[PDB]
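One file, work30.txt, carrying compact mmCIF, N, CA and C atoms:
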# COMPACT_ATOMS: atom_id res chain seq x y z
N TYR A 69 -39.03 135.66 15.46
CA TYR A 69 -40.46 135.94 15.55
C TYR A 69 -40.71 137.25 16.30
N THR A 70 -41.65 138.04 15.80
CA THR A 70 -41.98 139.32 16.42
C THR A 70 -43.31 139.24 17.16
N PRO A 71 -43.50 140.14 18.14
CA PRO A 71 -44.72 140.19 18.95
C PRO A 71 -45.93 140.66 18.14
N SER A 72 -47.05 139.97 18.31
CA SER A 72 -48.28 140.32 17.60
C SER A 72 -49.42 140.59 18.57
N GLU A 73 -49.06 141.00 19.79
CA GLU A 73 -50.05 141.29 20.82
C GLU A 73 -50.85 142.54 20.46
N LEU A 74 -50.15 143.64 20.20
CA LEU A 74 -50.79 144.90 19.85
C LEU A 74 -51.63 144.74 18.58
N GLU A 75 -51.01 144.23 17.52
CA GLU A 75 -51.69 144.03 16.26
C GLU A 75 -52.95 143.18 16.44
N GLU A 76 -52.84 142.14 17.27
CA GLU A 76 -53.96 141.25 17.54
C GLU A 76 -55.11 142.01 18.18
N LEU A 77 -54.78 142.95 19.06
CA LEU A 77 -55.79 143.74 19.75
C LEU A 77 -56.51 144.68 18.78
N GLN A 78 -55.74 145.29 17.88
CA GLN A 78 -56.30 146.20 16.90
C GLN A 78 -57.33 145.50 16.03
N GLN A 79 -56.92 144.40 15.40
CA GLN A 79 -57.82 143.63 14.54
C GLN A 79 -59.06 143.19 15.30
N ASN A 80 -58.86 142.67 16.51
CA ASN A 80 -59.97 142.21 17.34
C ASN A 80 -61.01 143.32 17.52
N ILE A 81 -60.53 144.53 17.80
CA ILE A 81 -61.42 145.66 18.00
C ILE A 81 -62.27 145.92 16.76
N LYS A 82 -61.61 146.10 15.62
CA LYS A 82 -62.30 146.35 14.36
C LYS A 82 -63.26 145.21 14.03
N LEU A 83 -62.99 144.03 14.59
CA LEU A 83 -63.83 142.86 14.36
C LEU A 83 -65.12 142.95 15.17
N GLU A 84 -64.98 142.97 16.49
CA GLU A 84 -66.14 143.06 17.37
C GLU A 84 -66.91 144.36 17.15
N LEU A 85 -66.17 145.43 16.90
CA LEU A 85 -66.78 146.74 16.67
C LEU A 85 -66.04 147.49 15.56
N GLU A 86 -66.62 148.60 15.12
CA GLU A 86 -66.02 149.42 14.07
C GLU A 86 -66.69 150.78 13.99
N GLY A 87 -65.98 151.75 13.41
CA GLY A 87 -66.52 153.09 13.28
C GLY A 87 -65.73 154.12 14.06
N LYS A 88 -66.43 154.93 14.84
CA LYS A 88 -65.78 155.96 15.65
C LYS A 88 -65.21 155.37 16.93
N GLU A 89 -65.95 154.45 17.54
CA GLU A 89 -65.51 153.81 18.77
C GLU A 89 -64.12 153.20 18.60
N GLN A 90 -63.95 152.41 17.54
CA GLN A 90 -62.67 151.77 17.27
C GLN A 90 -61.58 152.81 17.03
N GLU A 91 -61.95 153.93 16.41
CA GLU A 91 -61.01 154.99 16.12
C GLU A 91 -60.35 155.50 17.40
N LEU A 92 -61.18 155.87 18.38
CA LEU A 92 -60.68 156.37 19.66
C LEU A 92 -59.69 155.39 20.28
N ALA A 93 -60.10 154.13 20.38
CA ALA A 93 -59.24 153.10 20.96
C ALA A 93 -57.88 153.08 20.28
N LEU A 94 -57.88 152.97 18.96
CA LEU A 94 -56.63 152.94 18.19
C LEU A 94 -55.74 154.12 18.55
N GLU A 95 -56.35 155.31 18.63
CA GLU A 95 -55.61 156.52 18.97
C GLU A 95 -54.87 156.35 20.30
N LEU A 96 -55.61 155.96 21.33
CA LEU A 96 -55.02 155.77 22.65
C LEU A 96 -53.83 154.82 22.59
N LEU A 97 -54.00 153.70 21.90
CA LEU A 97 -52.94 152.71 21.76
C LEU A 97 -51.97 153.11 20.65
N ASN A 98 -52.25 154.24 20.01
CA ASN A 98 -51.40 154.73 18.93
C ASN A 98 -50.37 155.73 19.46
N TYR A 99 -50.72 156.41 20.55
CA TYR A 99 -49.84 157.40 21.15
C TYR A 99 -49.06 156.79 22.32
N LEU A 100 -48.50 155.61 22.10
CA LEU A 100 -47.74 154.92 23.13
C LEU A 100 -46.28 154.77 22.71
N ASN A 101 -45.43 154.39 23.67
CA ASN A 101 -44.01 154.20 23.40
C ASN A 101 -43.68 152.73 23.21
N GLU A 102 -42.42 152.44 22.91
CA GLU A 102 -41.98 151.06 22.71
C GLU A 102 -41.75 150.36 24.04
N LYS A 103 -42.51 150.77 25.05
CA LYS A 103 -42.40 150.17 26.38
C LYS A 103 -43.60 149.28 26.68
N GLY A 104 -44.69 149.49 25.94
CA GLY A 104 -45.88 148.70 26.15
C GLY A 104 -46.98 149.48 26.84
N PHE A 105 -46.70 150.74 27.17
CA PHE A 105 -47.67 151.59 27.84
C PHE A 105 -47.65 153.00 27.25
N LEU A 106 -48.83 153.61 27.16
CA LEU A 106 -48.96 154.95 26.61
C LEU A 106 -47.96 155.90 27.27
N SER A 107 -47.35 156.76 26.46
CA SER A 107 -46.37 157.72 26.96
C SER A 107 -47.06 158.96 27.52
N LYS A 108 -48.32 159.15 27.14
CA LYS A 108 -49.10 160.29 27.60
C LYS A 108 -50.42 159.84 28.21
N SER A 109 -50.91 160.60 29.19
CA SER A 109 -52.16 160.28 29.85
C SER A 109 -53.32 160.27 28.86
N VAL A 110 -54.44 159.70 29.26
CA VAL A 110 -55.62 159.63 28.41
C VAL A 110 -56.25 161.00 28.23
N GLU A 111 -56.27 161.78 29.31
CA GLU A 111 -56.85 163.12 29.28
C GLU A 111 -56.18 163.97 28.20
N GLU A 112 -54.86 164.05 28.25
CA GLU A 112 -54.10 164.83 27.28
C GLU A 112 -54.25 164.25 25.88
N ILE A 113 -54.18 162.92 25.78
CA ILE A 113 -54.31 162.24 24.50
C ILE A 113 -55.67 162.50 23.87
N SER A 114 -56.70 162.59 24.72
CA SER A 114 -58.06 162.83 24.25
C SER A 114 -58.24 164.28 23.83
N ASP A 115 -57.51 165.18 24.49
CA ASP A 115 -57.59 166.60 24.18
C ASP A 115 -56.87 166.91 22.87
N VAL A 116 -55.79 166.19 22.61
CA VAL A 116 -55.01 166.39 21.39
C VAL A 116 -55.70 165.76 20.19
N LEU A 117 -56.32 164.61 20.40
CA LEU A 117 -57.02 163.90 19.34
C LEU A 117 -58.41 164.50 19.11
N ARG A 118 -58.78 165.46 19.95
CA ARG A 118 -60.08 166.11 19.84
C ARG A 118 -61.20 165.14 20.17
N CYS A 119 -61.18 164.61 21.39
CA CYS A 119 -62.20 163.67 21.84
C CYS A 119 -62.50 163.85 23.32
N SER A 120 -63.76 163.70 23.69
CA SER A 120 -64.18 163.85 25.08
C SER A 120 -63.55 162.77 25.95
N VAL A 121 -63.06 163.17 27.12
CA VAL A 121 -62.43 162.24 28.05
C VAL A 121 -63.38 161.09 28.39
N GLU A 122 -64.57 161.43 28.87
CA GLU A 122 -65.56 160.43 29.23
C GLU A 122 -65.77 159.43 28.10
N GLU A 123 -65.99 159.95 26.89
CA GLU A 123 -66.21 159.10 25.73
C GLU A 123 -65.01 158.18 25.49
N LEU A 124 -63.82 158.77 25.43
CA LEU A 124 -62.60 158.01 25.22
C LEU A 124 -62.45 156.91 26.26
N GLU A 125 -62.92 157.19 27.48
CA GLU A 125 -62.84 156.22 28.57
C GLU A 125 -63.73 155.02 28.29
N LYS A 126 -65.00 155.28 27.98
CA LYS A 126 -65.95 154.22 27.70
C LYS A 126 -65.44 153.31 26.59
N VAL A 127 -65.03 153.91 25.48
CA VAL A 127 -64.52 153.15 24.34
C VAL A 127 -63.22 152.43 24.71
N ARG A 128 -62.35 153.12 25.43
CA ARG A 128 -61.08 152.54 25.85
C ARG A 128 -61.30 151.31 26.72
N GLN A 129 -62.35 151.34 27.53
CA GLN A 129 -62.67 150.23 28.41
C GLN A 129 -63.19 149.03 27.62
N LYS A 130 -64.16 149.28 26.75
CA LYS A 130 -64.74 148.23 25.93
C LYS A 130 -63.67 147.53 25.09
N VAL A 131 -62.69 148.31 24.63
CA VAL A 131 -61.60 147.77 23.83
C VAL A 131 -60.51 147.16 24.70
N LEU A 132 -60.36 147.70 25.91
CA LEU A 132 -59.36 147.21 26.85
C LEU A 132 -59.69 145.79 27.31
N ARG A 133 -60.98 145.48 27.35
CA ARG A 133 -61.43 144.16 27.78
C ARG A 133 -61.03 143.09 26.76
N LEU A 134 -60.72 143.54 25.54
CA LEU A 134 -60.32 142.62 24.48
C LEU A 134 -58.97 141.99 24.78
N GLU A 135 -58.61 140.97 24.00
CA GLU A 135 -57.34 140.28 24.18
C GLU A 135 -56.38 140.59 23.03
N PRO A 136 -55.16 141.03 23.38
CA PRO A 136 -54.75 141.21 24.78
C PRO A 136 -55.48 142.38 25.44
N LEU A 137 -55.45 142.41 26.77
CA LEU A 137 -56.10 143.47 27.53
C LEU A 137 -55.44 144.82 27.24
N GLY A 138 -56.08 145.89 27.71
CA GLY A 138 -55.54 147.22 27.50
C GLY A 138 -54.39 147.54 28.43
N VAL A 139 -53.27 146.86 28.24
CA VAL A 139 -52.09 147.07 29.08
C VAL A 139 -51.69 148.54 29.08
N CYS A 140 -51.82 149.20 27.94
CA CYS A 140 -51.47 150.60 27.81
C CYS A 140 -52.50 151.49 28.50
N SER A 141 -53.74 151.02 28.54
CA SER A 141 -54.83 151.77 29.17
C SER A 141 -54.56 151.96 30.66
N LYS A 142 -54.55 150.85 31.39
CA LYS A 142 -54.31 150.88 32.83
C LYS A 142 -52.81 150.86 33.13
N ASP A 143 -52.13 149.82 32.65
CA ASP A 143 -50.70 149.68 32.87
C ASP A 143 -50.24 148.26 32.57
N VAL A 144 -48.96 147.98 32.84
CA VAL A 144 -48.40 146.66 32.59
C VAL A 144 -48.93 145.64 33.59
N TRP A 145 -48.84 145.98 34.87
CA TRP A 145 -49.32 145.10 35.93
C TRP A 145 -50.83 145.20 36.09
N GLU A 146 -51.38 146.37 35.79
CA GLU A 146 -52.81 146.59 35.90
C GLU A 146 -53.58 145.73 34.89
N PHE A 147 -52.89 145.31 33.84
CA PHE A 147 -53.50 144.48 32.80
C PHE A 147 -54.15 143.25 33.41
N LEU A 148 -53.52 142.70 34.45
CA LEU A 148 -54.04 141.52 35.12
C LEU A 148 -55.28 141.86 35.94
N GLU A 149 -55.19 142.92 36.74
CA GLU A 149 -56.31 143.35 37.57
C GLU A 149 -57.58 143.51 36.73
N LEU A 150 -57.49 144.31 35.68
CA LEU A 150 -58.63 144.55 34.80
C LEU A 150 -59.03 143.27 34.08
N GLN A 151 -58.04 142.46 33.71
CA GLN A 151 -58.30 141.21 33.01
C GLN A 151 -59.26 140.33 33.80
N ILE A 152 -59.09 140.31 35.11
CA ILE A 152 -59.95 139.51 35.98
C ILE A 152 -61.33 140.14 36.12
N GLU A 153 -61.36 141.41 36.51
CA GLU A 153 -62.62 142.13 36.68
C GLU A 153 -63.48 142.02 35.43
N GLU A 154 -62.83 141.87 34.28
CA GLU A 154 -63.54 141.75 33.01
C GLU A 154 -63.82 140.29 32.68
N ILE A 155 -62.77 139.48 32.69
CA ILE A 155 -62.91 138.06 32.39
C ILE A 155 -63.60 137.32 33.53
N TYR A 156 -62.89 137.15 34.64
CA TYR A 156 -63.43 136.46 35.80
C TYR A 156 -63.68 137.44 36.95
N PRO A 157 -64.82 138.15 36.88
CA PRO A 157 -65.21 139.13 37.90
C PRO A 157 -65.58 138.47 39.22
N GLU A 158 -65.82 137.16 39.18
CA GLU A 158 -66.19 136.41 40.38
C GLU A 158 -64.96 136.13 41.24
N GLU A 159 -63.83 135.89 40.59
CA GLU A 159 -62.58 135.61 41.30
C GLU A 159 -61.67 136.83 41.30
N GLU A 160 -62.27 138.02 41.26
CA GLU A 160 -61.51 139.26 41.26
C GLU A 160 -60.55 139.31 42.44
N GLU A 161 -61.06 138.99 43.63
CA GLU A 161 -60.24 139.01 44.83
C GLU A 161 -59.19 137.90 44.79
N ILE A 162 -59.59 136.73 44.30
CA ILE A 162 -58.68 135.60 44.20
C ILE A 162 -57.44 135.95 43.39
N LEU A 163 -57.65 136.34 42.13
CA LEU A 163 -56.55 136.70 41.25
C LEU A 163 -55.87 137.98 41.73
N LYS A 164 -56.64 138.86 42.35
CA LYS A 164 -56.11 140.12 42.86
C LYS A 164 -54.96 139.87 43.84
N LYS A 165 -55.19 138.96 44.78
CA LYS A 165 -54.17 138.62 45.77
C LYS A 165 -53.00 137.88 45.13
N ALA A 166 -53.31 137.05 44.13
CA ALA A 166 -52.29 136.29 43.43
C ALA A 166 -51.36 137.21 42.64
N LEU A 167 -51.94 138.04 41.79
CA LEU A 167 -51.17 138.97 40.97
C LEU A 167 -50.32 139.88 41.85
N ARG A 168 -50.84 140.23 43.02
CA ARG A 168 -50.13 141.09 43.95
C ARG A 168 -48.99 140.34 44.63
N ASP A 169 -49.19 139.05 44.86
CA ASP A 169 -48.18 138.21 45.50
C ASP A 169 -47.04 137.90 44.54
N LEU A 170 -47.39 137.66 43.28
CA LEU A 170 -46.40 137.34 42.25
C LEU A 170 -45.65 138.59 41.82
N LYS A 171 -46.33 139.73 41.87
CA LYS A 171 -45.72 141.00 41.49
C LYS A 171 -44.75 141.49 42.56
N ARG A 172 -45.12 141.28 43.82
CA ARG A 172 -44.28 141.70 44.94
C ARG A 172 -43.32 140.58 45.34
N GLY A 173 -43.61 139.36 44.88
CA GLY A 173 -42.77 138.23 45.21
C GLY A 173 -43.36 137.36 46.30
N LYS A 174 -43.74 136.14 45.94
CA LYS A 174 -44.33 135.21 46.90
C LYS A 174 -44.69 133.89 46.22
N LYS A 175 -45.43 133.05 46.94
CA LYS A 175 -45.85 131.76 46.41
C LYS A 175 -47.20 131.87 45.70
N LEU A 176 -47.45 130.95 44.77
CA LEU A 176 -48.70 130.95 44.02
C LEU A 176 -49.49 129.67 44.29
N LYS A 177 -50.80 129.74 44.06
CA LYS A 177 -51.67 128.59 44.28
C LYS A 177 -51.71 127.69 43.04
N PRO A 178 -52.25 126.47 43.21
CA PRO A 178 -52.36 125.50 42.12
C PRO A 178 -53.39 125.91 41.08
N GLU A 179 -54.53 126.41 41.54
CA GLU A 179 -55.59 126.84 40.65
C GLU A 179 -55.23 128.16 39.97
N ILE A 180 -54.69 129.09 40.75
CA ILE A 180 -54.30 130.39 40.22
C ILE A 180 -53.19 130.26 39.19
N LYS A 181 -52.27 129.33 39.43
CA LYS A 181 -51.15 129.10 38.52
C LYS A 181 -51.65 128.92 37.09
N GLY A 182 -52.68 128.09 36.93
CA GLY A 182 -53.23 127.85 35.61
C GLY A 182 -54.00 129.04 35.07
N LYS A 183 -54.78 129.68 35.93
CA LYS A 183 -55.57 130.84 35.54
C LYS A 183 -54.67 131.96 35.03
N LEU A 184 -53.62 132.25 35.78
CA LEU A 184 -52.68 133.30 35.41
C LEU A 184 -51.74 132.83 34.30
N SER A 185 -51.53 131.52 34.24
CA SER A 185 -50.65 130.94 33.22
C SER A 185 -51.07 131.38 31.82
N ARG A 186 -52.38 131.40 31.59
CA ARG A 186 -52.91 131.80 30.29
C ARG A 186 -52.57 133.26 29.99
N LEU A 187 -52.16 133.99 31.02
CA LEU A 187 -51.81 135.40 30.86
C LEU A 187 -50.36 135.64 31.29
N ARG A 188 -49.89 136.87 31.09
CA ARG A 188 -48.52 137.23 31.45
C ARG A 188 -48.37 138.74 31.54
N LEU A 189 -47.67 139.20 32.58
CA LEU A 189 -47.45 140.63 32.79
C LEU A 189 -46.44 141.17 31.78
N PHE A 190 -45.90 140.29 30.95
CA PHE A 190 -44.92 140.68 29.94
C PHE A 190 -45.43 140.37 28.54
N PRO A 191 -46.50 141.07 28.13
CA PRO A 191 -47.11 140.89 26.81
C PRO A 191 -46.22 141.40 25.69
N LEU A 192 -45.59 142.55 25.92
CA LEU A 192 -44.71 143.15 24.92
C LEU A 192 -43.26 143.11 25.38
N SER A 193 -42.98 142.27 26.38
CA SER A 193 -41.63 142.14 26.92
C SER A 193 -41.32 140.68 27.23
N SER A 194 -40.07 140.42 27.61
CA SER A 194 -39.63 139.06 27.93
C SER A 194 -38.65 139.07 29.10
N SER A 195 -38.87 138.16 30.05
CA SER A 195 -38.01 138.07 31.22
C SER A 195 -38.37 136.85 32.06
N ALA A 196 -37.35 136.22 32.65
CA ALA A 196 -37.56 135.05 33.49
C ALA A 196 -36.46 134.91 34.53
N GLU A 197 -36.69 134.06 35.52
CA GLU A 197 -35.72 133.83 36.58
C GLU A 197 -35.34 132.36 36.68
N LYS A 198 -34.16 132.08 37.22
CA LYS A 198 -33.68 130.71 37.37
C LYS A 198 -33.73 130.28 38.83
How does the structure come out when it is put into structure tokens?
Amino acid sequence: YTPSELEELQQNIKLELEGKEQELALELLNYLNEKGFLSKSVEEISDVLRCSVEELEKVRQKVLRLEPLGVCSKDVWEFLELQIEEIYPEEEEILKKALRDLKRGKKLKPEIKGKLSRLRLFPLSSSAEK
């Protein structure tokens, strides 16, 4: 079985929205590497694609909020931070401390475990510990 995270995000975008906005988003997520994150900054990518930085940002954000989140937009670990601010903006601090504890290594809470369980810092990757 192959990963359908990226493809799922593309379709979702064209679904909720379409036109020029979707175009910009695709471009940003189009100039990325097989690592799960854009190989070039948004500024440069926007200059090469012939698009205003500010504009590309707004569209990139609206599309980044989609599922999966814009891991390439912010980053691999940043995907969680933005995911909360967008999904659960009320528990931004809650998940913020959790994602930081799990990323740096630590214990997790019972409620957070389930909240983060629905997500994963390895959307386009795979890894686990024993």
| said: Which residues are near segment 162-168 of chain A? Cut-off 8 Å, all atoms listed in the file, ignore same chain within fewer than 2 positions. Put them as a list in words. | reply: residues 145, 148, 149, 152, 153, 158, 159, 160, 170, 171, 172, 173, 174, 175, 176, 177, 180 and 184 of chain A
Just-selected residues, N, CA and C atoms written as a PDB file, keeping the file's coordinate frame:
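Just written: part-v7.pdb:
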ATOM      1  N   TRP A 145     -48.840 145.980  34.870  1.00  0.00           N
ATOM      2  CA  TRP A 145     -49.320 145.100  35.930  1.00  0.00           C
ATOM      3  C   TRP A 145     -50.830 145.200  36.090  1.00  0.00           C
ATOM      4  N   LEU A 148     -53.520 142.700  34.450  1.00  0.00           N
ATOM      5  CA  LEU A 148     -54.040 141.520  35.120  1.00  0.00           C
ATOM      6  C   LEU A 148     -55.280 141.860  35.940  1.00  0.00           C
ATOM      7  N   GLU A 149     -55.190 142.920  36.740  1.00  0.00           N
ATOM      8  CA  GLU A 149     -56.310 143.350  37.570  1.00  0.00           C
ATOM      9  C   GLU A 149     -57.580 143.510  36.730  1.00  0.00           C
ATOM     10  N   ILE A 152     -59.090 140.310  35.110  1.00  0.00           N
ATOM     11  CA  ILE A 152     -59.950 139.510  35.980  1.00  0.00           C
ATOM     12  C   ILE A 152     -61.330 140.140  36.120  1.00  0.00           C
ATOM     13  N   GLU A 153     -61.360 141.410  36.510  1.00  0.00           N
ATOM     14  CA  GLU A 153     -62.620 142.130  36.680  1.00  0.00           C
ATOM     15  C   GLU A 153     -63.480 142.020  35.430  1.00  0.00           C
ATOM     16  N   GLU A 158     -65.820 137.160  39.180  1.00  0.00           N
ATOM     17  CA  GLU A 158     -66.190 136.410  40.380  1.00  0.00           C
ATOM     18  C   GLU A 158     -64.960 136.130  41.240  1.00  0.00           C
ATOM     19  N   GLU A 159     -63.830 135.890  40.590  1.00  0.00           N
ATOM     20  CA  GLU A 159     -62.580 135.610  41.300  1.00  0.00           C
ATOM     21  C   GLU A 159     -61.670 136.830  41.300  1.00  0.00           C
ATOM     22  N   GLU A 160     -62.270 138.020  41.260  1.00  0.00           N
ATOM     23  CA  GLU A 160     -61.510 139.260  41.260  1.00  0.00           C
ATOM     24  C   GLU A 160     -60.550 139.310  42.440  1.00  0.00           C
ATOM     25  N   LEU A 170     -47.390 137.660  43.280  1.00  0.00           N
ATOM     26  CA  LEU A 170     -46.400 137.340  42.250  1.00  0.00           C
ATOM     27  C   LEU A 170     -45.650 138.590  41.820  1.00  0.00           C
ATOM     28  N   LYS A 171     -46.330 139.730  41.870  1.00  0.00           N
ATOM     29  CA  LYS A 171     -45.720 141.000  41.490  1.00  0.00           C
ATOM     30  C   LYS A 171     -44.750 141.490  42.560  1.00  0.00           C
ATOM     31  N   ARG A 172     -45.120 141.280  43.820  1.00  0.00           N
ATOM     32  CA  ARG A 172     -44.280 141.700  44.940  1.00  0.00           C
ATOM     33  C   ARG A 172     -43.320 140.580  45.340  1.00  0.00           C
ATOM     34  N   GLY A 173     -43.610 139.360  44.880  1.00  0.00           N
ATOM     35  CA  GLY A 173     -42.770 138.230  45.210  1.00  0.00           C
ATOM     36  C   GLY A 173     -43.360 137.360  46.300  1.00  0.00           C
ATOM     37  N   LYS A 174     -43.740 136.140  45.940  1.00  0.00           N
ATOM     38  CA  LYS A 174     -44.330 135.210  46.900  1.00  0.00           C
ATOM     39  C   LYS A 174     -44.690 133.890  46.220  1.00  0.00           C
ATOM     40  N   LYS A 175     -45.430 133.050  46.940  1.00  0.00           N
ATOM     41  CA  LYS A 175     -45.850 131.760  46.410  1.00  0.00           C
ATOM     42  C   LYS A 175     -47.200 131.870  45.700  1.00  0.00           C
ATOM     43  N   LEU A 176     -47.450 130.950  44.770  1.00  0.00           N
ATOM     44  CA  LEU A 176     -48.700 130.950  44.020  1.00  0.00           C
ATOM     45  C   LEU A 176     -49.490 129.670  44.290  1.00  0.00           C
ATOM     46  N   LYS A 177     -50.800 129.740  44.060  1.00  0.00           N
ATOM     47  CA  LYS A 177     -51.670 128.590  44.280  1.00  0.00           C
ATOM     48  C   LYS A 177     -51.710 127.690  43.040  1.00  0.00           C
ATOM     49  N   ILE A 180     -54.690 129.090  40.750  1.00  0.00           N
ATOM     50  CA  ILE A 180     -54.300 130.390  40.220  1.00  0.00           C
ATOM     51  C   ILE A 180     -53.190 130.260  39.190  1.00  0.00           C
ATOM     52  N   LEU A 184     -53.620 132.250  35.780  1.00  0.00           N
ATOM     53  CA  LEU A 184     -52.680 133.300  35.410  1.00  0.00           C
ATOM     54  C   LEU A 184     -51.740 132.830  34.300  1.00  0.00           C
TER      55      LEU A 184
END
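The two atoms in question, atom N of residue 104 of chain A and atom C of residue 86 of chain A, are spaced 25.1 Å apart.
Interatomic distance, atom CA of residue 98 of chain A to atom CA of residue 151 of chain A: 20.7 Å.
If you look at atom C of residue 80 of chain A and atom N of residue 135 of chain A, they are 7.3 Å away from each other.
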| field | Which of chain A DSSP labels alpha helix (DSSP H), written as number ranges by chain | value | A: 73-84, 88-96, 110-116, 121-132, 146-154, 160-172, 178-185
| Can you list, as a PyMOL selection string, every protein, DNA or RNA residue that comes within 8 Å of residue 126 of chain A when you count only N, CA and C atoms, leaving out same-chain residues fewer than 6 positions away? | chain A and resi 89+120+132
Each side padded by 4 Å, which centre and which edge lengths in Å (one decimal) define the axis-aligned box around the listed atoms of segment 107-114 of chain A? Give them as JSON.
{"center_x": -52.3, "center_y": 160.8, "center_z": 26.8, "size_x": 19.9, "size_y": 16.1, "size_z": 14.0}
| task | Identify which of the residues A:74, A:81, A:187, A:196 lies closest to residue 130 of chain A, counting only C-alpha atoms when measuring atom-to-atom distances. | result | A:81
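By only C-alpha atoms, and with residues fewer than 2 positions from residue 77 of chain A along its chain excluded, the set lying at most 10 Å from it is residues 72, 73, 74, 75, 79, 80, 81, 82, 83, 94, 97, 131, 132, 133, 134, 135, 136, 137 and 138 of chain A.
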Keeping only N, CA and C atoms, write the selected residues as a PDB file, in the frame of the given file.
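Here's the written file result.pdb:
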ATOM      1  N   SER A  72     -47.050 139.970  18.310  1.00  0.00           N
ATOM      2  CA  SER A  72     -48.280 140.320  17.600  1.00  0.00           C
ATOM      3  C   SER A  72     -49.420 140.590  18.570  1.00  0.00           C
ATOM      4  N   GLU A  73     -49.060 141.000  19.790  1.00  0.00           N
ATOM      5  CA  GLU A  73     -50.050 141.290  20.820  1.00  0.00           C
ATOM      6  C   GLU A  73     -50.850 142.540  20.460  1.00  0.00           C
ATOM      7  N   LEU A  74     -50.150 143.640  20.200  1.00  0.00           N
ATOM      8  CA  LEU A  74     -50.790 144.900  19.850  1.00  0.00           C
ATOM      9  C   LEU A  74     -51.630 144.740  18.580  1.00  0.00           C
ATOM     10  N   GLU A  75     -51.010 144.230  17.520  1.00  0.00           N
ATOM     11  CA  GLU A  75     -51.690 144.030  16.260  1.00  0.00           C
ATOM     12  C   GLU A  75     -52.950 143.180  16.440  1.00  0.00           C
ATOM     13  N   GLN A  79     -56.920 144.400  15.400  1.00  0.00           N
ATOM     14  CA  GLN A  79     -57.820 143.630  14.540  1.00  0.00           C
ATOM     15  C   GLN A  79     -59.060 143.190  15.300  1.00  0.00           C
ATOM     16  N   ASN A  80     -58.860 142.670  16.510  1.00  0.00           N
ATOM     17  CA  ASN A  80     -59.970 142.210  17.340  1.00  0.00           C
ATOM     18  C   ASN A  80     -61.010 143.320  17.520  1.00  0.00           C
ATOM     19  N   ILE A  81     -60.530 144.530  17.800  1.00  0.00           N
ATOM     20  CA  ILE A  81     -61.420 145.660  18.000  1.00  0.00           C
ATOM     21  C   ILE A  81     -62.270 145.920  16.760  1.00  0.00           C
ATOM     22  N   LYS A  82     -61.610 146.100  15.620  1.00  0.00           N
ATOM     23  CA  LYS A  82     -62.300 146.350  14.360  1.00  0.00           C
ATOM     24  C   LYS A  82     -63.260 145.210  14.030  1.00  0.00           C
ATOM     25  N   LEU A  83     -62.990 144.030  14.590  1.00  0.00           N
ATOM     26  CA  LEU A  83     -63.830 142.860  14.360  1.00  0.00           C
ATOM     27  C   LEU A  83     -65.120 142.950  15.170  1.00  0.00           C
ATOM     28  N   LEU A  94     -57.880 152.970  18.960  1.00  0.00           N
ATOM     29  CA  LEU A  94     -56.630 152.940  18.190  1.00  0.00           C
ATOM     30  C   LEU A  94     -55.740 154.120  18.550  1.00  0.00           C
ATOM     31  N   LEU A  97     -54.000 153.700  21.900  1.00  0.00           N
ATOM     32  CA  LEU A  97     -52.940 152.710  21.760  1.00  0.00           C
ATOM     33  C   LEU A  97     -51.970 153.110  20.650  1.00  0.00           C
ATOM     34  N   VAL A 131     -62.690 148.310  24.630  1.00  0.00           N
ATOM     35  CA  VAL A 131     -61.600 147.770  23.830  1.00  0.00           C
ATOM     36  C   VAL A 131     -60.510 147.160  24.700  1.00  0.00           C
ATOM     37  N   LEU A 132     -60.360 147.700  25.910  1.00  0.00           N
ATOM     38  CA  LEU A 132     -59.360 147.210  26.850  1.00  0.00           C
ATOM     39  C   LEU A 132     -59.690 145.790  27.310  1.00  0.00           C
ATOM     40  N   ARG A 133     -60.980 145.480  27.350  1.00  0.00           N
ATOM     41  CA  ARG A 133     -61.430 144.160  27.780  1.00  0.00           C
ATOM     42  C   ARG A 133     -61.030 143.090  26.760  1.00  0.00           C
ATOM     43  N   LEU A 134     -60.720 143.540  25.540  1.00  0.00           N
ATOM     44  CA  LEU A 134     -60.320 142.620  24.480  1.00  0.00           C
ATOM     45  C   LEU A 134     -58.970 141.990  24.780  1.00  0.00           C
ATOM     46  N   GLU A 135     -58.610 140.970  24.000  1.00  0.00           N
ATOM     47  CA  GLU A 135     -57.340 140.280  24.180  1.00  0.00           C
ATOM     48  C   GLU A 135     -56.380 140.590  23.030  1.00  0.00           C
ATOM     49  N   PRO A 136     -55.160 141.030  23.380  1.00  0.00           N
ATOM     50  CA  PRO A 136     -54.750 141.210  24.780  1.00  0.00           C
ATOM     51  C   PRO A 136     -55.480 142.380  25.440  1.00  0.00           C
ATOM     52  N   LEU A 137     -55.450 142.410  26.770  1.00  0.00           N
ATOM     53  CA  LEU A 137     -56.100 143.470  27.530  1.00  0.00           C
ATOM     54  C   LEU A 137     -55.440 144.820  27.240  1.00  0.00           C
ATOM     55  N   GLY A 138     -56.080 145.890  27.710  1.00  0.00           N
ATOM     56  CA  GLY A 138     -55.540 147.220  27.500  1.00  0.00           C
ATOM     57  C   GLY A 138     -54.390 147.540  28.430  1.00  0.00           C
TER      58      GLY A 138
END
